[PDB]
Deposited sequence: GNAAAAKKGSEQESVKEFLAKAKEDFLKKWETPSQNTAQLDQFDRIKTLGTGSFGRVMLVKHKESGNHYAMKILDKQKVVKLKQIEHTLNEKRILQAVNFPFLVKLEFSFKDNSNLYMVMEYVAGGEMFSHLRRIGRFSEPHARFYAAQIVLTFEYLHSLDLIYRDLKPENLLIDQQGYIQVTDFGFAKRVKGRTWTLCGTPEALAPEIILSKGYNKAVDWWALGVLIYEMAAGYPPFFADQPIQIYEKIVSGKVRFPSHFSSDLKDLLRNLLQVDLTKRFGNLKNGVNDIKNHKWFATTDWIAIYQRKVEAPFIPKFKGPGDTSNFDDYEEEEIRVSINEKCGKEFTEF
């Protein structure tokens, strides 16, 4: 996301900027034959993201390809429209930039900045766990990003290391807006990733942006422990644990970290941090963040825990290898009406 150029004033301008783009989204800003597709960077439950080279500029990008028929099969039409409409409208240092979008007969395409440092996930699993200062550095960026997104009436709904990328300065970029939604009241969809679901999602109650603050508790736990607070071999066993909501902490967790996590991983919405009278400030002013200079994080002035190794603009060494598949495009348009606004 673009680098930094009162907080109430900042957020007011940010909302004006967002709403102009929300109300009149960008469409059709590239086409498939403007890019050479090189290699898959990642797949998720819905799309495939490829490293591509834009021919006329020589620039590399990360192209998310969604098969329209798969989107329909998995009941993701509205979610995918949400994803693109929101991502084209947002602007924050720790959000991946959508550079182009377009569609063809078969697929939807979201061409992002290529964030070359890899998923946080891979680094996390390899090293085992992050130190508290390292975890805190990443967590601060998510706190600020959620303050931004929630101010726009957005809920993010898929926070996990697989959807967080490390950039060339060692800062985070959030990707995968697939479950992001602009909502002023509560919402009901069962979506996310099992380990990160708040209890109120699992219990079908109706929920709001507090589920993102829960998920931040899960992320901070997982970064600092190396495993999630609620794990099992199958999702249903995870849900039981979440709803039990007893949390146990590693021996090495600081008292401050445990206290913060008890307040984020809080089943009682009247007590969950992020969800109280003082909003995000209960988190920012928590003892675990006492060392965090919030403005310096926003300005990317804090020294990063590590800068990924980068050997040229098309280097993918920080990403796992994936099986490749042909990108088919039918001579017949699929799902034209459904995706008219994309």
TODO: May I ask you to mark the stretches of the deposited sequence that the structure leaves without C-alpha coordinates?
DONE: 6 to 13
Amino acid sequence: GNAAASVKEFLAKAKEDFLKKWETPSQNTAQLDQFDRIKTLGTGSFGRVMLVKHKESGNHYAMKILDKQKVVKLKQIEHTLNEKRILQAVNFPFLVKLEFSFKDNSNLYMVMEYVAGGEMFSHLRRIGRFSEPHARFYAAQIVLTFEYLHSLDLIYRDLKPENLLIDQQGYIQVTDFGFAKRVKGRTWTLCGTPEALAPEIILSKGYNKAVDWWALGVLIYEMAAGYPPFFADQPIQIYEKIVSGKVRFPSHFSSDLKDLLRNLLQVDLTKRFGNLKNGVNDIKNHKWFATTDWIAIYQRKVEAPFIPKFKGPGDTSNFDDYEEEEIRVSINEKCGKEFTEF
From here on, numbers count along this sequence of modelled residues.
Task: Residue range whose averaged C-alpha B-factor is higher in the record, 53 to 61 or 282 to 290 - done: 282 to 290
Task: Which of 243 to 251 and 191 to 199 has higher mean CA B factor, as the PDB entry lists it - done: 243 to 251
Task: Per the PDB entry, maximal CA B factor within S317, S26, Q31, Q69 - done: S317
Open item on the list: Sorting by Cα B-factor within the chain, modelled residues only, which third would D167 end up in: lowest, middle or highest?
Closed with: middle
- [ ] Looking at the entry's B-factor column for C-alpha atoms only, identify whether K73 ranks in the lowest, middle or highest third of its chain.
- [x] highest
- [ ] Place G185 in the lowest, middle or highest third of its chain's C-alpha B-factors, as listed in the PDB entry.
- [x] highest
- [ ] Just say lowest, middle or highest third for the CA B-factor of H79 relative to the other modelled residues in its chain.
- [x] lowest
TODO: Comparing against every modelled residue in the chain, figure out the third that the C-alpha B-factor of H150 lands in (lowest, middle or highest).
DONE: lowest
